[PDB]
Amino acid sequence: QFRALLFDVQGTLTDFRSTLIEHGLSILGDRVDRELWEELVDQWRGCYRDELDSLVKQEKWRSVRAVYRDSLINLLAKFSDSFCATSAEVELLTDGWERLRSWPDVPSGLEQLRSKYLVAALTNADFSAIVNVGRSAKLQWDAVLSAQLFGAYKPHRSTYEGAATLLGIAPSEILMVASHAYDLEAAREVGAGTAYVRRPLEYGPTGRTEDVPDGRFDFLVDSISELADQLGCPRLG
């Protein structure tokens, strides 16, 4: 049925929240309290989402590193009374988004899938960032794809379709894999299969994630290994 599996990375395969909390607290130390920082991280992601949403609607693309950097700068102003940072520290903090760690099932799951399928990333993050995340999150791919290559972010159709063209396959031959429903709904619009991965801790132990019922998407799993098992991929030794 499918020839390739295309993956969202931030959240779906990576624990961004934990990564940035600890990264930040290591750059900043006692200048900041964990609870303020965690709240900042939560707002930083929100800012990212809002800016991308605006950009998508305006049919524009910009460096995601810049999006992240500029949102941190704005947030630092909001929180100026509590702590401060240098421009050099801004660059270091922003780097955390390129040092994402993976959820425990990811490396092995992805490897299991490769017995039967090509695996590729389709990310909104810039090409350089995904290459970097490969090392921090231990992801091995057949291909790496980014919005930067198409000049458009997901959910735009061009992304998914462009990936297909690049991979020499029809969109119907792609299974999109994501823990964000908007991504899967846009993939289904171009004919792809959809696989939702539940990440209950994506937004922290007290966070609220999307509740997805059985039947909305083709697959509904709690780990990439589980998805590989449901697609009939043999197990690793």
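One-based numbering along the sequence shown.
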{"property": "63-71 versus 205-213 - greater average Cα B-factor per the deposited record", "result": "205-213"}
{"property": "Comparing 131-139 with 87-95, the one whose average Cα B-factor in the PDB entry is higher", "result": "87-95"}
{"property": "Largest Cα B-factor, entry values, listed residues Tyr117, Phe79, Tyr160, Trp103", "result": "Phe79"}
{"property": "Record-listed C-alpha B factor of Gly191: chain third", "result": "highest"}
{"property": "Third of chain Cα B-factors occupied by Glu22", "result": "highest"}
{"property": "Assigned third (lowest, middle, highest) for the C-alpha B factor of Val197", "result": "lowest"}
{"property": "CA B-factor ranking of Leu55, expressed as a third of its chain", "result": "highest"}
{"property": "Position of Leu175 among the chain's modelled residues by C-alpha B-factor, lowest, middle or highest third", "result": "lowest"}
